[PDB]
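Take a look at the structure set out below.
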Amino acid sequence: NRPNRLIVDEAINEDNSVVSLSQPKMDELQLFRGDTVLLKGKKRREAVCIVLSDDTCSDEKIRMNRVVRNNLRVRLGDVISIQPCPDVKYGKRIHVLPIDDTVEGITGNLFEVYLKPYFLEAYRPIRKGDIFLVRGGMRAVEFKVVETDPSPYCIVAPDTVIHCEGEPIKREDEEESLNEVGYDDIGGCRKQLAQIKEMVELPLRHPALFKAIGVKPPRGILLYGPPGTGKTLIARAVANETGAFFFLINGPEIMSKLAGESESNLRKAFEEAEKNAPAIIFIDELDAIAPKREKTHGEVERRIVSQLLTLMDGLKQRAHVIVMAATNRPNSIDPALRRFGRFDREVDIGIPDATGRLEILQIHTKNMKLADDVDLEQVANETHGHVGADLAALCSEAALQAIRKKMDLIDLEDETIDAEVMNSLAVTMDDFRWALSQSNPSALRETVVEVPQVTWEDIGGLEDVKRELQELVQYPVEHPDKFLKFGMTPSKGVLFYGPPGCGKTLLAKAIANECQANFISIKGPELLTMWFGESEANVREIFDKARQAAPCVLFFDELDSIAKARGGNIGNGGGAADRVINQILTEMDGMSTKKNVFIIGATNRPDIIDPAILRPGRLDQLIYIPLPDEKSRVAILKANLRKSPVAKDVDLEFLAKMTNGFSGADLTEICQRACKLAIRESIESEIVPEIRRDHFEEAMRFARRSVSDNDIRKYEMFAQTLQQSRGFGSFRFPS
Amino acid sequence: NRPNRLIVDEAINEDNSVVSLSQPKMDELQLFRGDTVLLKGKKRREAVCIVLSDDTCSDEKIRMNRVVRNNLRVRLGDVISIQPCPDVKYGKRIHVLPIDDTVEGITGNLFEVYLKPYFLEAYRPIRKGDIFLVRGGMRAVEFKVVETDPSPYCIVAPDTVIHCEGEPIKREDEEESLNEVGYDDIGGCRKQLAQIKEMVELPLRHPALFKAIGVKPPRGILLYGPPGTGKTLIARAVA
Ligand SMILES: Nc1ncnc2c1ncn2[C@@H]1O[C@H](COP(=O)(O)OP(=O)(O)O)[C@@H](O)[C@H]1O
Ligand SMILES: Nc1ncnc2c1ncn2[C@@H]1O[C@H](COP(=O)(O)OP(=O)(O)O)[C@@H](O)[C@H]1O
Ligand SMILES: Nc1ncnc2c1ncn2[C@@H]1O[C@H](COP(=O)(O)OP(=O)(O)O)[C@@H](O)[C@H]1O
């Protein structure tokens with residue numbers, strides 16, 4: 001038994017002496033809330049930390065940060081021994097000194113700038129011989145214990161004096177640098193990063209297991225994403241956290257060699273990593289190495305591609321090397337590389353969402369000190385087209401602005417800077433706004449994927465439609481047991497038709513938010529570009545991106561916008577079928593029905609929609625969104641007024657009754673006009689900060705009905721023709 | 001404190017001995033409109049100029065032209081020391097001669113063509129050892145002081161006689177050529193040029209600051225524009 005062995009895993013808190021344990025873990029080992037333990041690992045070394053309460057990690061695993069993982073020489077997946085230590089122990093004299101690998105540039109006091117704001121009111125239990133890292137001064141510097149009283153009996157106390165000599169010492173090869181790349185340095189990638197964690201955990205941490213079994217290990221991992229997403233960061237972090245010898249192979253570095261030298265350089269890079277097993281061979285750019293799809297210009301290019309292909313599939317076990325290649329675009333790769341044995345496991349790393357970029361900002365700003373009025377929530381929202389490298393550049397530029405506001409008048413003309421100035425240099429929002437306005441996003445044209453923040457509370461009315469949407473996309477994904485028993489497959493998608501500006505997009509986004517799945521949206525111009533550009537082959541890429549991002553919903557806005565541009569029911573001498581809808585149907589028919597992917601079709605002119613899409617099998621479920629009723633319009637305003645401060649004066653119920661033929665869009669622009677009037681009257685009166693009732697009274701003058709009465713009749717007759725519930729309404733069984 | 005340190009910046013006027021200062025800058029240092037100062041920089045050298053009134057530059061910076069920046073061996077972003085000099089000082093005999101790097105092609109009188117239309121009705125305070133540049137004759141030729149009365153006490157006066165030998169002298173590597181490319185030689189580019197000024201001011205003027213910090217410096221700047229816009233001019237001027 002020996003219930004003291006726990007699985008080491010990454011922590012969540014950014015502190016130093018923190019251990020995250022579940023309630024039953026301390027309840028089994030008679031451990032309390034505010035106690036200390038003694039973690040013991042390999043190489044005859046121990047560590048003293050503080051246990052904390054957790055409820056998310058696991059049942060029998062320990063969450064330990066990178067700062068303390070390097071102290072015990074224990075990586076992820078290894079096992080350690082934990083035991084309580086209720087013995088009283090105080091600190092008297094702690095002597096520490098940093099290592100010269102990171103102190104080059106520090107001048108002045110070292111206690112007041114790094115130790116005082118870290119050791120006081122913390123009661124961090126230090127251990128003689130441990131390496132702890134502290135952050136501050138827009139950098140990261142650690143410290144090393146060289147001589148102290150024999151451990152245990154080392155706990156920082158307010159009445160403990162600290163003195164240091166001043167010169168640093170050199171480190172050894174036993175410990176790794178804390179400034180390197182780790183799992184805690186990656187943000188905005190959780191679904192993709194977890195797959196890579198679980199994919200290479202066995203062959204790297206346990207190389208001897210695969211040598212004794214017939215299981216084929218994954219020999220190739222291809223990474224996607226626009227340049228700057230962080231593929232190299234993830235590749236280096238996996239190697240640095242799994243104990244594998246990382247070997248970086250740059251793209252242009254090999255191609256820059258002469259004729260025949262590139263072959264030797266690429267070939268010598270494989271057995272070198274094979275000897276240092278386990279190892280990970282990473283390729284920076286692979287589209288620039290093997291673009292053997294359309295280029296095929298030059299014998300040396302083909303020779304390099306063939307050499308790479310030969311060295312790729314020729315890894316018949318031997319070592320335990322895993323090759324992870326990175327590229328920019330999936331189609332820009334040689335198809336011969338995707339053969340089974342060279343590159344079979346495929347990983348697509350997308351642009352982080354709003355909740356992902358905040359983690360990147362927290363990672364990139366953890367070394368510097370910010371002011372109280374600095375919030376990263378608005379920065380992530382305002383930066384919705386940027387990538388991982390974009391935000392690091394934004395942070396660097398924002399940090400540079402603060403230096404410019406103090407270097408000019410202080411004029412520290414010294415060979416090295418002091419640590420007592422940079423700590424006080426707090427970056428404010430004004431520094432970030434200057435850099436945000438000039439940073440050009442590198443990721444704007446390709447489709448962005450989210451899991452939208454809009455929920456059911458933002459949608460007013462449409463209660464009949466909500467239950468229907470929560471009936472076909474949430475039941476097969478949560479309770480499939482009642483589906484395979486009947487032997488019938490679920491629906492492939494549902495089409496939305498009705499008057500424009502009623503919520504055709506809000507329902508699709510809310511159903512994605514509730515189901516916790518990705519959301520891909522295609523607008524009208526996006527569909528029209530591939531028609532006018534005479535290139536309909538881009539549907540396959542959209543469907544592939546949706547498939548491997550499962551679960552996800554495939555939303556097509558105004559699907560009839562391609563038939564409206566060429567007439568409609570009659571139009572020109574052609575019919576109601578074109579190349580883009582052709583390719584969409586072709587890719588939907590061959591789409592995997594067992595996957596969690598879903599397709600949402602939105603249209604405002606259902607009379608011109610091709611019937612070929614509407615058969616049972618592609619899009620059979622049709623839900624009509626009518627104009628909001630009296631109590632449906634009230635909820636629209638109750639949901640739209642949650643952002644702007646409006647007092648109790650404005651009567652929303654009375655406004656809904658007068659707005660009879662008003663769609664959802666008109667009620668939004670009414671509030672927009674009222675708030676614009678409020679802003680204008682505030683600015684004009686500045687030469688008050690609340691929305692009054694006469695604002696809406698004047699804004700109601702220009703209340704234009706976007707939907708007239710002529711199309712209402714057409715929509716209603718179309719709905720009743722497609723429903724056809726008459727005749728069989730009184731159909732009953734005799735006995 | 002020591003309120004005598006000012007930030008050196010480019011000037012606006014195309015004159016020679018002109019210092020642009022704000023009203024509070026002279027109001028703090030008890031300096032008037034028509035007075036002279038003594039600018040001191042690095043390498044144990046000084047410079048005498050005339051302060052002027054300005055209202056646009058800054059609160060605590062000094063605007064100094066390229067002609068006087070090379071005299072003190074001070075570039076943009078550096079700091080200097082300014083102090084008033086109300087002592088009376090007149091000129092008696094100023095001996096100057098140009099450098100052969102730019103005089104190849106000049107023949108005849110040198111005073112009437114370059115010094116007379118520059119020194120008269122100007123009262124420019126010269127300093128022994130300074131290199132001042134004058135424009136004229138569809139070119140630019142400067143002059144060098146080789147031997148004169150020990151500075152101070154060098155101010156051009158109408159009753160001051162000037163004679164010159166005629167042969168020039170060679171320059172050294174301490175000073176830079178005034179015919180080179182500078183910030184004053186770029187025109188029509190203010191928004192773009194300011195971004196490049198502020199982008200590389202830190203890593204170039206203070207190389208040791210980035211070596212002691214984790215901030216990533218900009219390693220690459222791409223320039224656009226149709227051929228002939230002046231990208232090479234800006235690139236050479238920044239360096
Ligand atoms: N998801 C991320 N989390 C944290 N940092 C990131 C992320 N993505 C990129 N970065 C930062 O951007 C910098 C540049 O990354 P880069 O080498 O361009 O990645 P790639 O090689 O995948 O394009 C790195 O130093 C890294 O710190
Ligand atoms: N039922 C509704 N409840 C609340 N707001 C709505 C509703 N329908 C539309 N809106 C608002 O109208 C705006 C535009 O909607 P739009 O995308 O044109 O709808 P559709 O896709 O049905 O045409 C959205 O920002 C949304 O906030
Ligand atoms: N904005 C400018 N201000 C002053 N001179 C300019 C400017 N742009 C170009 N010139 C002049 O034009 C000449 C040729 O410039 P050129 O070398 O063609 O620039 P680039 O290499 O950027 O095309 C230079 O000698 C320079 O003096």
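Numbering starts fresh at 1 for the residues of each chain in the structure tokens, the chains themselves are lettered A, B, ... in the order given, and ligands are numbered from 1 as they appear.
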Show me which bits of chain B are within 10 Å of chain A, counting only C-alpha atoms, as a PyMOL selection string.
-> chain B and resi 5-7+60-61+77-79+198-199+201-202+206-218
All residues within 7 Å of ligand 1 are required, counting only C-alpha atoms and all ligand atoms; please report them as a ChimeraX atom specification.
-> /A:185-189,227-233,284,360,363,387-389,392
Taken to one decimal, the atom CA of residue B:101-atom CA of residue B:158 distance is 29.8 Å
Leaving out residue B:32 and any residue of its chain fewer than 5 positions from it, which residues lie within 12 Å of it when counting only C-alpha atoms, given as a CSV table (one decimal) with N, CA, C and O atoms, in the first residue's frame?
chain,number,residue,atom,x,y,z
B,21,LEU,N,15.0,78.2,-26.0
B,21,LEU,CA,14.6,77.9,-24.6
B,21,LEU,C,13.2,78.4,-24.4
B,21,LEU,O,12.8,79.4,-25.0
B,22,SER,N,12.5,77.7,-23.5
B,22,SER,CA,11.2,78.1,-23.1
B,22,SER,C,11.2,79.3,-22.1
B,22,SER,O,12.3,79.6,-21.5
B,23,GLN,N,10.1,79.9,-21.9
B,23,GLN,CA,10.0,81.0,-20.9
B,23,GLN,C,10.4,80.6,-19.5
B,23,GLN,O,11.3,81.2,-18.9
B,24,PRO,N,9.8,79.5,-18.9
B,24,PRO,CA,10.2,79.1,-17.6
B,24,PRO,C,11.6,78.7,-17.5
B,24,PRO,O,12.2,78.8,-16.4
B,25,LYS,N,12.3,78.2,-18.5
B,25,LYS,CA,13.7,77.8,-18.4
B,25,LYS,C,14.6,79.0,-18.1
B,25,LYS,O,15.5,78.9,-17.3
B,26,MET,N,14.4,80.1,-18.8
B,26,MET,CA,15.2,81.3,-18.5
B,26,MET,C,14.7,82.0,-17.3
B,26,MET,O,15.5,82.6,-16.5
B,27,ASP,N,13.4,81.9,-17.0
B,27,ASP,CA,12.8,82.5,-15.7
B,27,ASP,C,13.3,81.8,-14.5
B,27,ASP,O,13.4,82.4,-13.4
B,37,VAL,N,25.5,82.6,-23.3
B,37,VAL,CA,25.7,81.5,-22.4
B,37,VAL,C,27.0,80.8,-22.7
B,37,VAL,O,27.7,81.2,-23.7
B,50,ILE,N,24.0,81.9,-28.3
B,50,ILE,CA,23.1,82.9,-27.9
B,50,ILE,C,21.7,82.2,-27.7
B,50,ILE,O,21.3,81.5,-28.5
B,51,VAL,N,21.1,82.5,-26.5
B,51,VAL,CA,19.8,81.9,-26.2
B,51,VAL,C,18.7,82.7,-26.9
B,51,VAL,O,18.8,83.9,-27.1
B,52,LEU,N,17.7,82.0,-27.3
B,52,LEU,CA,16.5,82.6,-27.9
B,52,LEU,C,15.3,82.2,-27.2
B,52,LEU,O,15.3,81.3,-26.4
B,53,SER,N,14.1,82.8,-27.6
B,53,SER,CA,12.9,82.5,-26.9
B,53,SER,C,12.1,81.5,-27.8
B,53,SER,O,12.0,81.6,-29.0
B,84,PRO,N,25.1,80.6,-17.3
B,84,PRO,CA,25.1,82.0,-17.8
B,84,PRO,C,26.6,82.5,-17.7
B,84,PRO,O,27.3,82.2,-16.9
B,85,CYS,N,26.8,83.5,-18.6
B,85,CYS,CA,28.1,84.2,-18.6
B,85,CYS,C,27.9,85.6,-18.9
B,85,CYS,O,28.0,86.1,-20.1
B,86,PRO,N,27.6,86.4,-17.9
B,86,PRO,CA,27.3,87.9,-18.1
B,86,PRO,C,28.6,88.7,-18.2
B,86,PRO,O,28.5,89.9,-18.3
Enumerate the residues of stretch 16-220 of chain B with a DSSP assignment of strand (DSSP E), computed from the backbone, and present them as JSON, numbers by chain.
-> {"B": [19, 20, 21, 36, 37, 38, 39, 40, 46, 47, 48, 49, 50, 51, 52, 53, 61, 62, 63, 79, 80, 81, 82, 83, 84, 96, 97, 131, 132, 133, 134, 135, 136, 139, 140, 141, 142, 143, 144, 145]}
With C-alpha atoms kept, could you save the residues just selected as a PDB file, in the first residue's frame?
ATOM      1  CA  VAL B  19      19.583  78.222 -28.509  1.00  0.00           C
ATOM      2  CA  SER B  20      15.817  77.710 -28.253  1.00  0.00           C
ATOM      3  CA  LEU B  21      14.610  77.876 -24.645  1.00  0.00           C
ATOM      4  CA  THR B  36      24.945  84.821 -24.059  1.00  0.00           C
ATOM      5  CA  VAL B  37      25.727  81.510 -22.368  1.00  0.00           C
ATOM      6  CA  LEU B  38      28.558  78.965 -22.223  1.00  0.00           C
ATOM      7  CA  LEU B  39      27.541  75.438 -23.223  1.00  0.00           C
ATOM      8  CA  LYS B  40      29.852  72.712 -21.907  1.00  0.00           C
ATOM      9  CA  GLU B  46      32.963  74.360 -24.204  1.00  0.00           C
ATOM     10  CA  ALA B  47      30.808  76.357 -26.611  1.00  0.00           C
ATOM     11  CA  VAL B  48      29.451  79.917 -26.576  1.00  0.00           C
ATOM     12  CA  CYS B  49      26.052  80.556 -28.169  1.00  0.00           C
ATOM     13  CA  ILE B  50      23.070  82.918 -27.893  1.00  0.00           C
ATOM     14  CA  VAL B  51      19.825  81.873 -26.218  1.00  0.00           C
ATOM     15  CA  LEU B  52      16.519  82.611 -27.939  1.00  0.00           C
ATOM     16  CA  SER B  53      12.855  82.505 -26.933  1.00  0.00           C
ATOM     17  CA  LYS B  61      15.277  70.321 -22.929  1.00  0.00           C
ATOM     18  CA  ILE B  62      17.591  72.396 -25.123  1.00  0.00           C
ATOM     19  CA  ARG B  63      17.281  72.679 -28.914  1.00  0.00           C
ATOM     20  CA  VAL B  79      22.937  65.720 -21.531  1.00  0.00           C
ATOM     21  CA  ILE B  80      25.031  68.884 -21.291  1.00  0.00           C
ATOM     22  CA  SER B  81      25.712  71.627 -18.739  1.00  0.00           C
ATOM     23  CA  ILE B  82      24.493  75.188 -19.306  1.00  0.00           C
ATOM     24  CA  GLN B  83      25.552  78.201 -17.256  1.00  0.00           C
ATOM     25  CA  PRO B  84      25.147  81.954 -17.834  1.00  0.00           C
ATOM     26  CA  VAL B  96      40.624  81.038 -38.927  1.00  0.00           C
ATOM     27  CA  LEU B  97      41.306  78.713 -41.846  1.00  0.00           C
ATOM     28  CA  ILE B 131      34.106  74.423 -36.195  1.00  0.00           C
ATOM     29  CA  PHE B 132      31.391  76.622 -37.712  1.00  0.00           C
ATOM     30  CA  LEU B 133      29.788  75.985 -41.105  1.00  0.00           C
ATOM     31  CA  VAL B 134      28.709  78.763 -43.466  1.00  0.00           C
ATOM     32  CA  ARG B 135      26.608  78.372 -46.608  1.00  0.00           C
ATOM     33  CA  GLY B 136      27.090  80.149 -49.918  1.00  0.00           C
ATOM     34  CA  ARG B 139      28.004  74.776 -51.717  1.00  0.00           C
ATOM     35  CA  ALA B 140      28.942  74.592 -48.028  1.00  0.00           C
ATOM     36  CA  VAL B 141      32.401  75.357 -46.624  1.00  0.00           C
ATOM     37  CA  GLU B 142      33.354  75.544 -42.941  1.00  0.00           C
ATOM     38  CA  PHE B 143      36.278  77.084 -41.052  1.00  0.00           C
ATOM     39  CA  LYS B 144      38.575  76.077 -38.201  1.00  0.00           C
ATOM     40  CA  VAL B 145      40.256  78.119 -35.467  1.00  0.00           C
TER      41      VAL B 145
END
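When atom CA of residue A:379 is paired with atom CA of residue A:637, their separation reads 28.1 Å.
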Could you report the residues within 7 Å of ligand 2, using only C-alpha atoms and all ligand atoms, as a list in words?
->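 Written in the requested form, the residues are residues 458, 459, 460, 461, 462, 500, 501, 502, 503, 504, 505, 506, 636, 639, 640, 664, 665 and 668 of chain A.
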Skipping near chain neighbours, those fewer than 2 positions away, what residues fall within 6 Å of stretch 96-100 of chain A using only C-alpha atoms, listed as a PyMOL selection string?
-> chain A and resi 102-103+142-145+168-170
Identify all residues of stretch 482-719 of chain A in alpha helix (DSSP H) (DSSP on the backbone) and supply them as a ChimeraX atom specification.
-> /A:482-484,504-515,524-532,538-548,561-564,579-589,630-640,652-658,664-686,693-699,710-719
Counting only C-alpha atoms and all ligand atoms, give me one row per residue of chain B with an atom at most 10 Å from an atom of ligand 3, showing the shortest contact pair and its distance in Å to one decimal, sorted by chain then residue number, as a Markdown table.
| residue | atom | partner | partner_atom_place_in_ligand_line | distance |
| --- | --- | --- | --- | --- |
| B:181 | CA | ligand 3 | 27 (O) | 8.4 |
| B:183 | CA | ligand 3 | 3 (N) | 9.6 |
| B:184 | CA | ligand 3 | 4 (C) | 8.7 |
| B:185 | CA | ligand 3 | 4 (C) | 5.5 |
| B:186 | CA | ligand 3 | 3 (N) | 3.9 |
| B:187 | CA | ligand 3 | 3 (N) | 4.0 |
| B:188 | CA | ligand 3 | 1 (N) | 5.2 |
| B:189 | CA | ligand 3 | 1 (N) | 6.0 |
| B:190 | CA | ligand 3 | 1 (N) | 9.5 |
| B:193 | CA | ligand 3 | 1 (N) | 9.8 |
| B:223 | CA | ligand 3 | 22 (O) | 8.9 |
| B:224 | CA | ligand 3 | 22 (O) | 8.8 |
| B:225 | CA | ligand 3 | 22 (O) | 7.8 |
| B:226 | CA | ligand 3 | 23 (O) | 7.2 |
| B:227 | CA | ligand 3 | 23 (O) | 4.3 |
| B:228 | CA | ligand 3 | 23 (O) | 3.2 |
| B:229 | CA | ligand 3 | 8 (N) | 4.6 |
| B:230 | CA | ligand 3 | 22 (O) | 3.3 |
| B:231 | CA | ligand 3 | 22 (O) | 3.2 |
| B:232 | CA | ligand 3 | 21 (O) | 4.1 |
| B:233 | CA | ligand 3 | 19 (O) | 5.8 |
| B:234 | CA | ligand 3 | 22 (O) | 7.6 |
| B:235 | CA | ligand 3 | 22 (O) | 8.5 |
| B:236 | CA | ligand 3 | 21 (O) | 9.9 |
Long-range neighbours of residue B:92 as a PyMOL selection string, 10 Å cut-off, only C-alpha atoms, 3 positions minimum in chain | chain B and resi 89+148-149+153-157+159-162
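Between atom CA of residue A:296 and atom CA of residue A:332 the interatomic distance comes to 13.0 Å.
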Non-local contacts of stretch 524-540 of chain A (6 Å; only C-alpha atoms; under 3 positions in same chain excluded) as a ChimeraX atom specification | /A:543,557-558,561-562,580
Quick one: residues within 6 Å of stretch 61-72 of chain A, only C-alpha atoms counted, chain neighbours fewer than 5 positions away excluded, as a PyMOL selection string?
-> chain A and resi 6-11+19-20+41+130
